[PDB]
């Protein structure tokens, strides 16, 4: 399938959709890491994720997705699924393992808390949102069970951040891709959407505020909301 004429890969291209309250919780993740590391990148606002050309990039037909030049320039590489976009950026650009982890010990914990989000909170939150808003029929027993599972996940994150000196989910000293992956689903605005009082997880709330005060995180949230609302609506932004 032929790509749009304005889609060229001279650097990392992050594929997003038009910014809304419900369209940015996955796409913000790679953008945060790009902002943290100062990686050169373009933004491509996808009008239709069902477009055949886009399914050749991401067969799951969702944002975020990435096209980038391989380090030696011989291939065009792709990343899709938000956790995979974080892994790719860390692999290609986080030379020092500042967010990816510097040694086997660091990476063992990072991958525990990253995968916990990827396998448990992420999909539980997505299934809650699907059955709450998108499913033609309302299934209240299923929705209540998923909401219950979210409280159990918040309990695990709270327990972790109550451990001595544990300022971040994976490492004590600094945020990692585990923290970036978790933040959008573990912050006050998301908790209130789920019908939960975030104050009931005080160390988790403190952690979300600490993450939120980072300049890269602030820039990421601002830009993801703005995409498609500038001079250009769809395609490669300038």
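Residue numbers count along the first chain shown, from 1.
A.B. asks: Taking only the CA atoms, which stretch has the higher mean B-factor in the record, 195-203 or 61-69?
C.D. replies: So the stretch with the higher mean C-alpha B-factor is 195-203.
A.B. asks: Averaged over C-alpha atoms, is the B-factor higher for 226-234 or for 10-18 in this PDB entry?
C.D. replies: In the deposited entry, the stretch with the higher C-alpha B-factor mean is 226-234.
A.B. asks: Select one of 107, 135, 78, 117: the residue whose C-alpha shows the highest B-factor in the crystal structure entry.
C.D. replies: Largest recorded C-alpha B-factor: 135.
A.B. asks: According to the Cα B-factor stored in this entry, which of the following is highest: 139, 121, 157, 87?
C.D. replies: By C-alpha B-factor in the record, 139 ranks first.
A.B. asks: Place residue 41 in the lowest, middle or highest third of its chain's C-alpha B-factors, as listed in the PDB entry.
C.D. replies: Tercile = middle for this residue's CA B-factor.
A.B. asks: Test of reading the entry: by CA B factor among the chain's modelled residues, which third contains residue 128?
C.D. replies: Middle third.
A.B. asks: How does residue 188 rank on Cα B-factor within its chain, lowest, middle or highest third?
C.D. replies: For residue 188, the deposited C-alpha B-factor lands in the highest third.
A.B. asks: For residue 211, return the chain-relative third of its C-alpha B-factor as stated in the PDB record: lowest, middle or highest.
C.D. replies: It falls in the middle third of the chain.
A.B. asks: With respect to C-alpha B-factor, does residue 94 fall in the lowest, middle or highest third of the chain as deposited?
C.D. replies: Its C-alpha B-factor, which the entry lists for residue 94, ranks in the middle third among residues of this chain.
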